[PDB]
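A single chain comes next, written as structure tokens; it is the form deposited in one PDB entry.
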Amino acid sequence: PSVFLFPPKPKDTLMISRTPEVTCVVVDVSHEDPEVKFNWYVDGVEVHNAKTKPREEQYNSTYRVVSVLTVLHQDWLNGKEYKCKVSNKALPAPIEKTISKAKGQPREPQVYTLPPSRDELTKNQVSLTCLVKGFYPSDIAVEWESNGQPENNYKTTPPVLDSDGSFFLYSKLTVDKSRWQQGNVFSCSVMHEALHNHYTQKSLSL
């Protein structure tokens, strides 16, 4: 049996309206031993808010038991430490897995929008590029809009550790060349904890 611990979504922790949560996933539970017990602690103090989602039966005669704990936005952003304690009959000793936010001074991202290369103008579609660099930690959310409507044909690279100790990434939005040439306005939206109101956007148009 193995224990995995997953952090909340960056967008959930940056907006008060949303609900962030820490997920503790237990895999490779055998048929003979389906009993799994969960204990949650926050900086040592034990909490009792966790809930256990229904367990799945996978393609190899095992079970995946998942426990979810809701966290406060400010506790996570302050660097509080969350640990998941798992006990099972097959285990010799209880397993403890620990997670928290990355430590360090947060740094404000810089957002630049880049128009399509002149070479790409011969194609039927063009690439709109959003460059975000110099931010820390790596938790971040990027979205594209146009006239207040979310564009959906975009892909974002994972954060990459830059040479100065910060992170950078690129986001690529693909639109029809006709939409670009007509003067439409496209925006790149960035959410990070070091930004004022955790939000900024840069526009891009011909």
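Residue indices: 1-based, along the sequence shown.
- When the C-alpha B-factors of 182 to 190 and 18 to 26 are averaged, 18 to 26 comes out higher.
- Comparing 36 to 44 with 52 to 60, the higher mean C-alpha B-factor in the PDB entry belongs to 52 to 60.
- Ranking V71, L114, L91, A102 by Cα temperature factor from the entry places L91 first.
- For the set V126, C130, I95, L77, the maximum C-alpha B-factor listed in the entry falls on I95.
- Among the modelled residues of the chain, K172 sits in the lowest third by CA temperature factor in this PDB entry.
- Looking at the C-alpha B-factors along this chain, the one for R107 belongs to the lowest third.
- The PDB entry assigns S138 a C-alpha temperature factor belonging to the lowest third of its chain's modelled residues.
- In the PDB entry, a CA B factor belonging to the highest third of its chain's modelled residues is recorded for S67.
Not pictured, yet referred to below: the form solved in complex with a partner chain.
- Not displayed here, the partner chain is approached by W144 to within 4.5 Å at the level of heavy atoms in the deposited bound form.
- Residue contact with the partner chain in the deposited bound form: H73 places a heavy atom within 4.5 Å of it.
- Under a 4.5 angstroms non-hydrogen atom cutoff, the partner chain in the deposited bound form has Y199 among its neighbouring residues.
- At least one heavy atom of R18 is located within 4.5 Å of the partner chain in the deposited bound form.
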